[PDB]
Amino acid sequence: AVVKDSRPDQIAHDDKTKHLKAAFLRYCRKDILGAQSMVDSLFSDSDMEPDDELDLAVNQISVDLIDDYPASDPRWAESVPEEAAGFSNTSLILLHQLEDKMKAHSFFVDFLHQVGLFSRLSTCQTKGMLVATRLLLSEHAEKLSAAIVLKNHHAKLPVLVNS
Amino acid sequence: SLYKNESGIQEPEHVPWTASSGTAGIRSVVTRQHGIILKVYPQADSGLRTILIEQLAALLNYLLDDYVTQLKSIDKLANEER
Amino acid sequence: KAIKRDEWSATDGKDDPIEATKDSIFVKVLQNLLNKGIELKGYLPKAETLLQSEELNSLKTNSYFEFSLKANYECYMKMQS
């Protein structure tokens, strides 16, 4: 009734970030209790005043999800150009990838809301700029929406839009 | 509505990519597009010109919305100059 | 054999796997199957068995060929699911 996930550990900050992303993975696999237990384990109140690191981890999650260049399954390791199953002028498939990334961002916002770290989110330095986490999510999702929209325009007038 | 901790706190220093300015920034791009629409306009037909004016009007509407939201985000207690 | 009748931009393509195969016979077979009621996701072999098939693996010298195989099969399979 409770499942707790983990993801590859590169750094300590990367490890806590990947543990949060794995709690997201549990959320995606329909497990509220496991994700909530992992969020309780990774975050607990020991006096509450702003710190940059929680915002940093959520922001790096979002930056990875938006700046991702597919490499995972062989067609994505071939999305990385060596196409024989890589990206070779197809509209619906990449629309589906955009759909799944929209799914990922939406489920991540929902996961954070249902675990309750949203109220603990704060303003973080980014490229030297202090930014609100929720508005940062808005901006990244609007970039993804722009990608979806260009894909739609391709699907509507391919030769025109692709040219 | 989803992006609210309690009701949210407006930190005036906040630069969305669509709020970016400069030559590649949205502002110069929309200015040049305005100019191009205007250059087309005398040579455009009547309905062509009509579609031009509604499209350009909507674009300027959105840009002014951007600036107004920026202004409402900005505070002045120390940052009146920004 | 049905796929073999189709045409391909060989040795790297320049077309959409989805839209380009509509004029090909095999996709028409797919719509006929759908009209008769056959689900492409379940009755059209998974990409595993597709690439297991030798007839399907004899024309992979066109990267676009096998790519388009995969793209179209997955796309319409998922439209079925």
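All of the points below concern the structure found in this document. (Residues numbered from 1 in each chain as written, not as in the entry; some residues may be left out. Chains lettered and ligands numbered in written order. Part of a larger assembly, values for the part shown. Heavy atoms only, no water.)

Right, let's talk about the overall build of chain B for a bit. Counting its regular elements, chain B contains two helices and zero strands. For a compact globule of 82 residues, the expected C-alpha radius of gyration is about 12 Å, and chain B comes in at 17 Å, more than 25% above that figure. Along the three orthogonal principal directions, the C-alpha set of chain B runs to about 50 × 30 × 20 Å. Residues counted as buried form 17% of the 82 residues belonging to chain B. In the structure as shown, chain B presents an accessible area of about 6200 Å², 60% of it carried by carbon and sulfur atoms. Averaging the coordinates of the 8 positive side-chain charges in chain B and doing the same for the 10 negative ones gives two points 8 Å apart. (Helix = DSSP H or I, 4+ residues; strand = E, 2+ residues; numbered from the N terminus. Rg over C-alpha atoms; globule rule 2.2 N^0.38 Å. Buried < 20%, exposed > 50% of the residue type's maximum accessible area, 1.4 Å probe, protein only. Areas by Shrake-Rupley, 256 points an atom, 1.4 Å probe, with all protein chains shown as cover. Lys, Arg positive; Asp, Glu negative; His and termini not counted. Charge placed at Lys NZ, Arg CZ, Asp CG, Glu CD.)

Residue and element names in this part refer to chain C. The tally for this structure, following the rule as stated, stands at nine salt bridges over all chains. Two residues, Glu 39 and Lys 41, come together in a salt bridge whose shortest N-O distance is 3.5 Å. For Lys 70, the salt bridge is made with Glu 66, and the minimal N-O distance between the two is 4.0 Å. Remark: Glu 66 and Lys 70 occur in helix α6 (residues 63-80); sequence separation between them is four residues, near one turn of the helix. The same class applies to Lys 70 as to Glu 66, namely buried. (Salt bridge = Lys/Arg side-chain N within 4 Å of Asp/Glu carboxyl O.)

Here we come to the interface of chain B and chain A. By a widespread convention, an interface's size corresponds to the accessible area lost as its parts come together. Each partner contributes residues to the interface: chain B has 11 residues there, and chain A has 20 residues. Across the chain B/chain A interface, buried area totals approximately 1400 Å², and carbon plus sulfur atoms make up 60% of it. Of all residues in chain B, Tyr 3, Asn 5 and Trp 17 of chain B give up the largest surface area on contact with chain A, accounting jointly for 48% of the area buried on that side. Along the contact surface separating chain B from chain A lie zero salt bridges. Our enumeration of links across chain B and chain A arrives at six residue pairs in polar contact. Considered class by class, the residues forming the side of chain B that touches chain A number five nonpolar, two polar and four charged. (Contact = heavy atoms within 4.5 Å. Buried area = accessible area lost by both parts, 1.4 Å probe. Polar contact = N/O pair within 3.5 Å; in protein donor to acceptor, adjacent residues only side chain to side chain. Nonpolar A, V, L, I, M, F, W, Y, C, P; charged D, E, K, R; others polar.)

In this structure, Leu 20, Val 39, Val 58, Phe 108, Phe 111 and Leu 117 of chain A are the most contacted members of the largest nonpolar core, which totals 21 residues. Mapped by element, the contributors of at least two residues to this core are α1 (12-28), α2 (32-42), α3 (52-67) and α5 (92-115) of chain A. Of the residues forming this core, the biggest block, six residues, is contributed by α5 of chain A. If near-sequence neighbours (up to four positions away) are discounted, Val 39 of chain A is found in contact with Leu 20, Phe 111, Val 115 and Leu 117 of chain A. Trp 76 of chain A together with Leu 50, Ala 71 and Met 77 of chain C belong to the second largest nonpolar core, which has 20 residues in total. (Core = buried A, V, L, I, M, F, W, Y, C linked by side-chain atoms within 4.5 Å.)

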